Amino acid sequence: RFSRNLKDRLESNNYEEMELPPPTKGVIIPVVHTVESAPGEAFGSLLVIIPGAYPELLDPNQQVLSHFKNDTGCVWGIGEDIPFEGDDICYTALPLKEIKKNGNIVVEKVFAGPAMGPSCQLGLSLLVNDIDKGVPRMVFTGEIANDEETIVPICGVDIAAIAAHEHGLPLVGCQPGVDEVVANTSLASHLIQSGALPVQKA
Ligand SMILES: [Mg+2]
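To convert, take the position in the sequence shown, counting from 1, and add 514; that gives the authors' numbering.
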């Protein structure tokens, strides 16, 4: 599906870049973009999700709020409610141009609608359950099963991986096409704490 023609067109849809100091914590996830006017063509980009409610930082087409289950937090820029609980914090999903070695994040506004579908769930589950400090240098994509632990495959994995790789990052998910494969949220948590795939030397 990868079109470098569609990516370049909608690059002028990117406006107002800025560099921020490091958030207290965050997580990075991919979003897969298609236009109706260009059937067959897709391109990915990245969102970094940080603490605090900052709708003013979003393009107005992304200024929608989704809720975690039972009134336990929310996230701006995500288009569908999240079927598990959060940690009582509202977050904001910002388009991510670059995460730097010092922790700074360069973000931008983008003329586009919010992230739809369930692929943001794996990063969100990790953000509210497992990440306390810093932003893992990894891109997470996957739907979370009703048991709240098992990860389920999503659409557009190869588009997501290209978007991750363009930013110098590995893609993390449950399915073929990712760089590190995690069956469930414990494993993805253990990956975060390890810093990389654990290494076996014979
Ligand atoms: Mg999907």
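C-beta atoms are modelled at their ideal positions from N, C-alpha and C, and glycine is treated no differently.
Cβ-heavy atom distance, residue i to ligand 1, below 7 Å
{"i": "residue 668", "result": "yes"}
{"i": "residue 632", "result": "yes"}
Top-ranked residue by Cα proximity to residue i, from the options
{"i": "residue 652", "options": "710, 608, 585 and 660", "result": "710"}
{"i": "residue 706", "options": "716, 694, 623 and 715", "result": "694"}
{"i": "residue 566", "options": "673, 608 and 616", "result": "608"}
{"i": "residue 580", "options": "550, 714, 622 and 630", "result": "630"}
{"i": "residue 623", "options": "606, 636 and 616", "result": "606"}
{"i": "residue 577", "options": "589, 540 and 547", "result": "589"}
{"i": "residue 656", "options": "625, 604, 618 and 697", "result": "697"}
{"i": "residue 534", "options": "598, 586, 646 and 621", "result": "621"}
{"i": "residue 676", "options": "641, 558, 522 and 660", "result": "558"}
{"i": "residue 592", "options": "612, 569 and 520", "result": "569"}
{"i": "residue 553", "options": "645, 688, 519 and 667", "result": "519"}
{"i": "residue 673", "options": "546, 525 and 645", "result": "546"}
{"i": "residue 640", "options": "539, 615 and 548", "result": "539"}
{"i": "residue 670", "options": "650, 681, 644 and 691", "result": "691"}
Span of the beta strand (DSSP E) around residue i
{"i": "residue 528", "result": "528-534"}
The alpha helix (DSSP H) enclosing residue i, as first and last residue numbers
{"i": "residue 539", "result": "No alpha helix (DSSP H) contains residue 539, which DSSP labels as neither H nor E."}
{"i": "residue 515", "result": "Element bounds for residue 515: n/a, residue is neither H nor E."}
Q.
Restricting to runs no shorter than 3 residues, where is the beta strand (DSSP E) found entirely within the region 620-703?
A. 685-687
Q) Taking only runs of the beta strand (DSSP E) that begin and end inside the region 548-629, which ones reach a length of at least 3 residues, in chain order? A) Here the runs fully enclosed are 557-565, 579-581, 587-590, 603-613 and 619-624.
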